[PDB]
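The next block is coords_33.csv, given as CSV, C-alpha atoms.
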```csv
chain,number,residue,atom,x,y,z
F,1,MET,CA,8.8,-40.3,-23.3
F,2,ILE,CA,9.7,-43.8,-22.1
F,3,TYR,CA,13.2,-44.2,-20.7
F,4,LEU,CA,12.9,-47.9,-19.9
F,5,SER,CA,16.2,-49.4,-18.7
F,6,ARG,CA,17.6,-52.0,-16.2
F,7,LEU,CA,19.7,-52.1,-13.1
F,8,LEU,CA,21.0,-55.6,-12.5
F,9,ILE,CA,22.1,-55.8,-8.8
F,10,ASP,CA,24.7,-58.1,-7.2
F,11,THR,CA,22.9,-60.6,-5.0
F,12,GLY,CA,25.6,-62.5,-3.0
F,13,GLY,CA,26.1,-66.2,-2.5
F,14,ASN,CA,27.8,-66.0,0.9
F,15,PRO,CA,25.8,-64.8,3.9
F,16,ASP,CA,29.1,-64.4,5.8
F,17,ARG,CA,30.7,-61.7,3.7
F,18,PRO,CA,28.9,-58.3,3.9
F,19,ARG,CA,26.2,-58.1,1.1
F,20,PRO,CA,25.4,-54.4,0.4
F,21,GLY,CA,22.7,-54.9,-2.3
F,22,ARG,CA,20.8,-57.6,-0.5
F,23,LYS,CA,20.6,-55.5,2.7
F,24,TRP,CA,19.7,-52.4,0.6
F,25,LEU,CA,16.7,-54.2,-1.1
F,26,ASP,CA,15.1,-54.9,2.3
F,27,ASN,CA,14.0,-51.3,3.0
F,28,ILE,CA,11.9,-49.5,0.4
F,29,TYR,CA,12.5,-46.1,1.8
F,30,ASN,CA,16.2,-46.5,1.2
F,31,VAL,CA,15.4,-48.2,-2.2
F,32,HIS,CA,13.5,-45.0,-3.2
F,33,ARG,CA,16.4,-42.9,-1.8
F,34,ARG,CA,18.9,-44.8,-3.8
F,35,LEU,CA,16.9,-44.6,-7.0
F,36,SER,CA,16.2,-40.8,-6.3
F,37,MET,CA,19.7,-39.4,-5.8
F,38,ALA,CA,20.5,-40.5,-9.3
F,39,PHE,CA,20.3,-37.8,-12.0
F,40,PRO,CA,21.1,-35.4,-9.1
F,41,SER,CA,21.5,-31.9,-10.5
F,42,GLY,CA,23.7,-29.7,-12.7
F,43,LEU,CA,23.8,-27.1,-9.9
F,44,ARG,CA,26.9,-28.4,-8.1
F,45,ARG,CA,27.9,-31.0,-10.8
F,46,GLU,CA,30.8,-28.8,-11.9
F,47,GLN,CA,32.1,-28.7,-8.3
F,48,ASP,CA,33.0,-32.3,-7.5
F,49,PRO,CA,32.9,-35.6,-9.4
F,50,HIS,CA,33.6,-37.8,-6.3
F,51,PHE,CA,30.3,-37.9,-4.3
F,52,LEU,CA,32.1,-36.7,-1.2
F,53,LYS,CA,29.8,-34.0,0.3
F,54,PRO,CA,27.4,-33.6,3.2
F,55,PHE,CA,24.0,-34.9,2.0
F,56,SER,CA,21.0,-32.7,1.6
F,57,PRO,CA,17.9,-33.7,-0.5
F,58,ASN,CA,17.1,-30.1,-1.4
F,59,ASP,CA,19.9,-29.9,-4.0
F,60,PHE,CA,18.5,-33.0,-5.8
F,61,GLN,CA,15.8,-32.4,-8.5
F,62,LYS,CA,12.3,-33.0,-7.1
F,63,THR,CA,10.9,-34.6,-10.3
F,64,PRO,CA,8.6,-37.6,-9.4
F,65,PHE,CA,9.6,-40.8,-11.2
F,66,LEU,CA,9.1,-44.6,-11.1
F,67,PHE,CA,10.8,-47.9,-10.7
F,68,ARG,CA,9.9,-51.6,-10.0
F,69,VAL,CA,12.0,-54.4,-8.5
F,70,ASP,CA,11.3,-57.8,-10.1
F,71,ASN,CA,13.1,-61.1,-10.8
F,72,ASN,CA,13.8,-62.9,-14.1
F,73,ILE,CA,16.0,-65.5,-15.9
F,74,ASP,CA,17.7,-64.3,-19.0
F,75,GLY,CA,18.9,-67.7,-20.4
F,76,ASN,CA,21.0,-69.2,-17.7
F,77,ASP,CA,21.4,-66.8,-14.7
F,78,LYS,CA,18.9,-65.7,-12.1
F,79,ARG,CA,19.3,-61.9,-11.5
F,80,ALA,CA,16.8,-59.6,-9.9
F,81,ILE,CA,15.7,-56.9,-12.4
F,82,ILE,CA,14.9,-53.2,-11.6
F,83,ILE,CA,13.0,-51.5,-14.4
F,84,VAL,CA,13.0,-47.7,-14.3
F,85,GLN,CA,11.9,-44.9,-16.7
F,86,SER,CA,11.7,-41.1,-16.2
F,87,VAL,CA,11.3,-37.8,-18.0
F,88,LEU,CA,14.9,-36.9,-17.4
F,89,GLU,CA,18.0,-38.4,-19.0
F,90,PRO,CA,19.8,-41.3,-17.3
F,91,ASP,CA,23.1,-40.4,-15.6
F,92,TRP,CA,24.0,-43.3,-13.3
F,93,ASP,CA,27.7,-42.5,-13.2
F,94,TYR,CA,27.5,-40.8,-9.8
F,95,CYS,CA,24.9,-42.7,-7.9
F,96,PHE,CA,27.0,-45.8,-8.0
F,97,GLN,CA,30.5,-44.2,-8.4
F,98,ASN,CA,31.7,-45.3,-5.0
F,99,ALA,CA,29.2,-48.1,-4.4
F,100,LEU,CA,30.1,-50.4,-7.3
F,101,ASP,CA,29.4,-53.4,-5.0
F,102,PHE,CA,25.7,-52.6,-5.4
F,103,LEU,CA,25.9,-53.4,-9.1
F,104,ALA,CA,26.5,-56.6,-11.0
F,105,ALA,CA,26.8,-55.4,-14.7
F,106,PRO,CA,26.9,-51.8,-15.9
F,107,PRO,CA,23.5,-50.3,-16.5
F,108,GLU,CA,22.1,-49.8,-20.0
F,109,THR,CA,19.8,-47.1,-21.3
F,110,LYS,CA,17.1,-47.9,-23.9
F,111,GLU,CA,14.9,-45.7,-26.1
F,112,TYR,CA,11.2,-46.7,-26.5
F,113,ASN,CA,8.0,-45.0,-27.6
F,114,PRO,CA,4.6,-46.6,-27.5
F,115,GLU,CA,1.9,-47.3,-30.1
F,116,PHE,CA,-1.0,-49.6,-29.6
F,117,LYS,CA,-4.1,-47.8,-31.2
F,118,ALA,CA,-6.8,-50.3,-30.1
F,119,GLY,CA,-7.4,-54.0,-29.6
F,120,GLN,CA,-4.1,-55.8,-29.9
F,121,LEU,CA,-2.6,-58.7,-27.9
F,122,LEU,CA,0.9,-57.4,-27.0
F,123,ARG,CA,0.7,-56.0,-23.4
F,124,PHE,CA,2.5,-56.7,-20.2
F,125,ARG,CA,2.4,-56.8,-16.4
F,126,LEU,CA,1.4,-54.3,-13.7
F,127,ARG,CA,2.1,-53.4,-10.0
F,128,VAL,CA,-0.4,-51.7,-7.7
F,129,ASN,CA,-1.4,-51.2,-4.1
F,130,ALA,CA,-4.5,-53.0,-2.7
F,131,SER,CA,-5.3,-49.8,-0.8
F,132,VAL,CA,-8.9,-48.6,0.0
F,133,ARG,CA,-10.2,-46.0,2.4
F,134,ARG,CA,-12.2,-47.9,5.0
F,135,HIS,CA,-16.0,-47.9,5.0
F,136,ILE,CA,-16.1,-48.7,8.7
F,137,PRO,CA,-13.0,-47.6,10.6
F,138,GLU,CA,-14.7,-48.9,13.8
F,139,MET,CA,-14.1,-46.5,16.6
F,140,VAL,CA,-10.4,-47.4,17.4
F,141,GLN,CA,-10.4,-50.8,19.2
F,142,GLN,CA,-8.0,-50.3,22.1
F,143,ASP,CA,-6.3,-52.7,24.5
F,144,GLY,CA,-6.3,-53.7,28.2
F,145,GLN,CA,-9.5,-55.8,28.1
F,146,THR,CA,-9.8,-56.0,24.3
F,147,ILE,CA,-12.2,-53.1,24.1
F,148,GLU,CA,-13.3,-50.2,21.9
F,149,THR,CA,-12.7,-46.6,22.9
F,150,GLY,CA,-12.0,-44.1,20.1
F,151,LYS,CA,-14.3,-42.3,17.7
F,152,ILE,CA,-13.1,-42.5,14.1
F,153,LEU,CA,-10.0,-42.4,11.8
F,154,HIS,CA,-10.1,-42.4,8.0
F,155,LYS,CA,-7.3,-44.9,7.3
F,156,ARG,CA,-6.0,-46.4,4.0
F,157,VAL,CA,-6.3,-50.0,5.3
F,158,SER,CA,-5.8,-53.1,3.2
F,159,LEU,CA,-8.6,-54.2,0.9
F,160,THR,CA,-11.0,-56.5,2.7
F,161,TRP,CA,-12.2,-58.7,-0.1
F,162,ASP,CA,-14.9,-61.4,0.1
F,163,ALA,CA,-14.7,-64.7,2.1
F,164,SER,CA,-16.2,-67.2,-0.4
F,165,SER,CA,-13.8,-66.6,-3.3
F,166,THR,CA,-10.1,-66.3,-4.2
F,167,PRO,CA,-8.5,-63.0,-5.4
F,168,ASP,CA,-7.7,-64.2,-9.0
F,169,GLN,CA,-11.4,-63.6,-9.7
F,170,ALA,CA,-12.0,-60.9,-7.0
F,171,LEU,CA,-9.1,-58.5,-7.6
F,172,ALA,CA,-9.5,-59.5,-11.3
F,173,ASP,CA,-13.0,-58.1,-11.1
F,174,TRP,CA,-11.6,-55.1,-9.3
F,175,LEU,CA,-9.2,-54.0,-12.0
F,176,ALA,CA,-11.5,-55.2,-14.8
F,177,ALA,CA,-14.0,-52.7,-13.5
F,178,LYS,CA,-11.3,-50.1,-12.9
F,179,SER,CA,-9.9,-50.4,-16.5
F,180,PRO,CA,-12.6,-48.5,-18.4
F,181,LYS,CA,-11.8,-45.4,-16.3
F,182,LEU,CA,-8.1,-45.5,-17.3
F,183,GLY,CA,-8.8,-46.3,-20.9
F,184,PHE,CA,-8.1,-50.0,-21.3
F,185,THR,CA,-9.7,-53.4,-20.5
F,186,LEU,CA,-8.9,-56.9,-19.2
F,187,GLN,CA,-9.9,-60.1,-21.0
F,188,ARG,CA,-7.8,-62.3,-18.7
F,189,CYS,CA,-6.0,-61.6,-15.4
F,190,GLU,CA,-4.1,-64.0,-13.1
F,191,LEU,CA,-2.2,-62.7,-10.1
F,192,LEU,CA,1.5,-63.7,-9.5
F,193,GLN,CA,2.5,-62.1,-6.2
F,194,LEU,CA,0.6,-60.6,-3.3
F,195,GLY,CA,1.5,-59.6,0.3
F,196,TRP,CA,2.9,-56.8,2.4
F,197,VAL,CA,5.9,-54.6,1.9
F,198,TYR,CA,7.7,-52.8,4.8
F,199,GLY,CA,10.0,-49.8,5.3
F,200,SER,CA,11.2,-47.3,7.8
F,201,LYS,CA,11.3,-43.5,7.6
F,202,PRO,CA,13.0,-41.2,10.1
F,203,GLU,CA,11.4,-38.2,11.7
F,204,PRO,CA,13.5,-35.2,12.8
F,205,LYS,CA,12.1,-33.6,15.9
F,206,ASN,CA,13.0,-30.9,18.4
F,207,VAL,CA,12.7,-31.1,22.2
F,208,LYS,CA,15.9,-29.7,23.7
F,209,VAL,CA,17.2,-26.1,23.4
F,210,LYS,CA,20.5,-24.4,23.0
F,211,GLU,CA,21.6,-21.5,25.3
F,212,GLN,CA,23.1,-19.2,22.7
F,213,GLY,CA,20.8,-19.9,19.7
F,214,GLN,CA,17.6,-21.8,18.7
F,215,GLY,CA,17.0,-25.4,19.7
F,216,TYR,CA,19.7,-27.2,17.6
F,217,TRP,CA,19.9,-29.9,20.3
F,218,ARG,CA,17.3,-32.5,19.4
F,219,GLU,CA,16.7,-36.3,19.2
F,220,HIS,CA,15.9,-39.0,16.7
F,221,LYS,CA,12.8,-41.0,15.8
F,222,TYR,CA,11.8,-43.7,13.4
F,223,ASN,CA,8.4,-44.7,12.1
F,224,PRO,CA,7.2,-47.7,10.0
F,225,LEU,CA,5.1,-47.8,6.9
F,226,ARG,CA,3.3,-50.8,5.3
F,227,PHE,CA,1.6,-51.4,2.0
F,228,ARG,CA,-0.3,-54.2,0.3
F,229,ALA,CA,1.2,-55.5,-2.9
F,230,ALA,CA,-0.2,-56.9,-6.1
F,231,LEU,CA,2.0,-57.9,-9.1
F,232,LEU,CA,-0.1,-59.3,-12.0
F,233,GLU,CA,-0.4,-59.3,-15.8
F,234,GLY,CA,-3.0,-59.4,-18.6
F,235,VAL,CA,-3.7,-59.4,-22.3
F,236,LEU,CA,-5.3,-56.0,-22.7
F,237,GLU,CA,-6.9,-53.9,-25.4
F,238,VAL,CA,-6.4,-50.1,-25.0
F,239,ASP,CA,-9.6,-48.1,-25.6
F,240,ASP,CA,-7.9,-45.1,-27.1
F,241,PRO,CA,-4.3,-44.0,-27.9
F,242,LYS,CA,-4.9,-40.5,-26.5
F,243,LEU,CA,-5.6,-40.8,-22.8
F,244,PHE,CA,-3.9,-44.1,-22.0
F,245,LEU,CA,-0.6,-42.3,-22.4
F,246,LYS,CA,-1.3,-40.3,-19.2
F,247,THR,CA,-1.9,-43.6,-17.5
F,248,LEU,CA,1.5,-44.8,-18.9
F,249,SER,CA,3.0,-41.6,-17.4
F,250,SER,CA,1.5,-41.9,-13.9
F,251,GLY,CA,0.7,-45.6,-13.5
F,252,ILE,CA,-2.3,-47.5,-12.2
F,253,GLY,CA,-2.1,-46.6,-8.6
F,254,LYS,CA,0.4,-43.9,-7.4
F,255,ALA,CA,2.7,-45.5,-4.9
F,256,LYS,CA,5.4,-44.4,-7.3
F,257,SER,CA,8.1,-43.7,-4.7
F,258,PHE,CA,7.3,-47.0,-2.9
F,259,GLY,CA,7.5,-49.4,-5.9
F,260,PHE,CA,4.0,-49.9,-7.2
F,261,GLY,CA,3.9,-48.1,-10.5
F,262,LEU,CA,3.0,-48.4,-14.2
F,263,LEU,CA,2.4,-51.4,-16.5
F,264,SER,CA,5.5,-53.3,-17.4
P,195,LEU,CA,61.8,-26.6,53.4
P,196,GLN,CA,61.0,-27.2,49.7
P,197,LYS,CA,61.5,-30.2,47.4
P,198,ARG,CA,61.8,-30.0,43.6
P,199,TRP,CA,60.9,-33.6,42.5
P,200,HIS,CA,59.6,-36.4,44.6
P,201,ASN,CA,62.5,-38.8,44.5
P,202,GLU,CA,65.2,-36.2,45.4
P,203,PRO,CA,68.0,-36.5,48.0
P,204,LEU,CA,67.6,-34.1,50.9
P,205,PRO,CA,70.3,-32.9,53.3
P,206,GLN,CA,69.4,-34.3,56.7
P,207,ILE,CA,71.8,-31.8,58.4
P,208,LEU,CA,71.3,-28.1,57.5
P,209,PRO,CA,74.4,-26.1,58.4
P,210,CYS,CA,73.7,-22.8,60.1
P,211,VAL,CA,76.0,-19.7,59.9
P,212,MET,CA,75.2,-17.3,62.8
P,213,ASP,CA,76.8,-14.1,64.1
P,214,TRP,CA,78.2,-13.5,67.6
P,215,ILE,CA,75.8,-12.8,70.4
P,216,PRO,CA,77.3,-10.8,73.3
P,217,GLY,CA,75.4,-12.5,76.1
P,218,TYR,CA,77.2,-10.4,78.7
P,219,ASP,CA,79.6,-7.5,78.4
P,220,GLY,CA,83.2,-8.7,78.2
P,221,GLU,CA,82.3,-12.1,76.6
P,222,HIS,CA,85.2,-13.7,74.6
P,223,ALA,CA,84.5,-15.7,71.5
P,224,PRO,CA,84.6,-19.5,71.6
P,225,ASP,CA,87.6,-21.2,70.2
P,226,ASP,CA,85.9,-22.4,67.0
P,227,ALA,CA,84.5,-19.2,65.6
P,228,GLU,CA,86.3,-18.3,62.3
P,229,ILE,CA,86.6,-14.7,61.3
P,230,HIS,CA,84.8,-13.5,58.1
P,231,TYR,CA,85.7,-10.1,56.7
P,232,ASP,CA,82.2,-9.2,55.5
P,233,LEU,CA,81.4,-5.9,57.2
P,234,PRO,CA,81.6,-2.7,55.0
P,235,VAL,CA,82.0,0.7,56.6
P,236,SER,CA,82.1,2.4,53.2
P,237,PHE,CA,81.0,1.1,49.9
P,238,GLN,CA,82.9,2.6,46.9
P,239,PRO,CA,85.9,1.9,46.9
P,240,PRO,CA,85.4,-1.1,49.3
P,241,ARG,CA,86.7,-0.6,52.8
P,242,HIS,CA,85.9,-3.4,55.2
P,243,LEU,CA,85.6,-4.5,58.8
P,244,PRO,CA,85.8,-8.1,60.1
P,245,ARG,CA,83.2,-10.1,62.0
P,246,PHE,CA,82.9,-13.3,64.1
P,247,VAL,CA,81.0,-16.2,62.7
P,248,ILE,CA,79.8,-19.1,64.8
P,249,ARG,CA,79.0,-22.5,63.2
P,250,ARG,CA,75.7,-24.1,64.1
P,251,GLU,CA,73.8,-27.2,63.1
P,252,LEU,CA,70.2,-28.2,62.3
P,253,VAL,CA,68.8,-31.6,61.7
P,254,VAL,CA,65.4,-31.9,60.0
P,255,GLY,CA,62.3,-33.0,61.9
P,256,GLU,CA,62.2,-31.1,65.2
P,257,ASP,CA,61.3,-27.7,63.9
P,258,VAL,CA,62.0,-27.8,60.1
P,259,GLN,CA,60.2,-30.2,57.8
P,260,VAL,CA,59.6,-30.9,54.1
P,261,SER,CA,57.0,-28.9,52.2
P,262,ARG,CA,54.3,-29.8,49.7
P,263,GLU,CA,55.8,-30.2,46.2
P,264,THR,CA,53.0,-30.8,43.6
P,265,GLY,CA,53.5,-28.9,40.4
P,266,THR,CA,54.1,-31.6,37.8
P,267,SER,CA,57.3,-31.0,35.8
P,268,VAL,CA,56.3,-33.6,33.3
P,269,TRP,CA,54.4,-32.4,30.2
P,270,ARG,CA,53.6,-35.4,27.9
P,271,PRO,CA,50.9,-33.7,25.8
P,272,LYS,CA,47.4,-34.5,27.2
P,273,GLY,CA,44.7,-36.4,25.4
P,274,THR,CA,41.6,-38.3,26.6
P,275,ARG,CA,40.5,-41.6,25.2
P,276,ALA,CA,38.0,-44.5,25.6
P,277,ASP,CA,34.6,-42.8,26.3
P,278,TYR,CA,31.7,-45.1,25.4
P,279,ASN,CA,29.1,-43.0,27.2
P,280,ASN,CA,28.9,-40.8,30.3
P,281,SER,CA,25.6,-39.2,29.4
P,282,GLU,CA,26.4,-37.3,26.2
P,283,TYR,CA,27.2,-39.9,23.5
P,284,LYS,CA,23.8,-41.6,23.3
P,285,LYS,CA,22.2,-38.2,22.7
P,286,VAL,CA,24.9,-36.8,20.4
P,287,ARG,CA,25.2,-39.8,18.0
P,288,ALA,CA,21.6,-39.3,16.7
P,289,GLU,CA,22.2,-35.6,15.7
P,290,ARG,CA,24.3,-36.5,12.7
P,291,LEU,CA,22.5,-39.7,12.2
```
Give the structure from this file in structure tokens form.
Amino acid sequence: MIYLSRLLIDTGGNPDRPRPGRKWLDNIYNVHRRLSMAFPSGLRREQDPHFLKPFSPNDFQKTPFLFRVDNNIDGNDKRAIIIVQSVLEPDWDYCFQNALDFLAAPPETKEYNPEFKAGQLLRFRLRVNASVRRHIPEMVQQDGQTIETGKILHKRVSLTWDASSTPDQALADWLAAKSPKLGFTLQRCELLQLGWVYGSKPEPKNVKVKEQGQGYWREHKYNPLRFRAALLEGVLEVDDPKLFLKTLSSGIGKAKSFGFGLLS
Amino acid sequence: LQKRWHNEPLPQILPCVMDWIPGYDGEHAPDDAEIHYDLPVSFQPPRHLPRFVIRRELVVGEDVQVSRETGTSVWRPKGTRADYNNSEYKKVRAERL
């Protein structure tokens, strides 16, 4: 059930006027938030059509889904493309119903269903994290005299590849070896984009107390999160049209919420 | 001596109406004391007796003086404004953030 579509956003052209979409694209936590309060619910849909209510994420349906932000030229106009697909029907008449400045052209819903059988030459790109659990999380190197104090911490650090090669034949080897698990293969792979992606997620806490109830009085906190990016393509030959559909429903890698998803 | 509002005219001479004091027996009234007829011996119906009234004077300052007024007679409905932070705006902004 592919629901591939597009959300063409309004990049500005004057960094003097306020630019809502450009600022919104700089934080992937809020990018996921924006993409996730779409298709909200039918629970309180009959109450209000105006999106004027105190926000709570519990009312929104907790179905995991996917997106990816990219850039393309159609024939004559640069416009950043967001490609989404989900198991629920598209209803972007409420997510952007008072934030029309976020959009450039009204979004379009397509219908698509896959068929590849085995060994064709009609495949597409991919996005993934270069995340590996560390072999040697060496004992928490602390500061003060550039020393080492701690014991251990299993962390999902960035992939430390080799030092005598480039990653268009190192990460290429990596997903070429990864492909027979997920039910496909790579005969050619050249990377297009790599780097880091950043965000910020807020943590509600509780320190203070209230004299007539429980501790409503409390403070704020923010925390950062980082990921290693890899956008790349390939001419691929699917092993079987019976297990690759699960990979087309989950994606190579499972950042999902934070951009890196399935093959497109 | 009271005062209603702050910028109010005040009588600097306070007239005093006093009765007659017989300092010695056989004293005759001074030749400025007018007779007032306010002395009842019955009440209903009114039968009356007269009395002697002596004028007297009092300037303010030597024994009598103005009093504290306070008590603002100006309402002008109250409302505060312009509070950036005393200690409870820094901490209260984050709660709804």
Counting all atoms listed in the file, collect the residues of chain P whose closest atom lies at most 12 Å from chain F, and write them out as a list in words.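 The contacting residues on chain P are residues 282, 283, 284, 285, 286, 287, 288, 289, 290 and 291 of chain P.
Put simply, CA of residue 65 in chain F is 27.4 Å away from CA of residue 121 in chain F.
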What is the CA of residue 8 in chain F-CA of residue 106 in chain F distance in Å, reported with one decimal? 7.8 Å
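Summary of the local environment: counting only C-alpha atoms, residues at most 10 Å from range 165-173 of chain F, other than itself and those fewer than 2 positions away along its chain, are residues 130, 159, 161, 162, 163, 175, 176, 177, 178, 179, 186, 187, 188, 189, 190, 191, 192, 194, 230, 232 and 234 of chain F.
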What is the CA of residue 139 in chain F-CA of residue 156 in chain F distance in Å, reported with one decimal?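 Answer for the CA of residue 139 in chain F to CA of residue 156 in chain F separation: 15.0 Å.
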Residue 125 in chain F: which residues within 9 Å, counting all atoms listed in the file, same-chain residues fewer than 5 positions away excluded, as a ChimeraX atom specification? /F:231-235,262-264
List every protein, DNA or RNA residue with an atom no more than 12 Å from (-13.9, -46.6, -22.1) in the file's coordinates, counting all atoms listed in the file, and format the result as a PyMOL selection string. chain F and resi 118+176-186+237-244
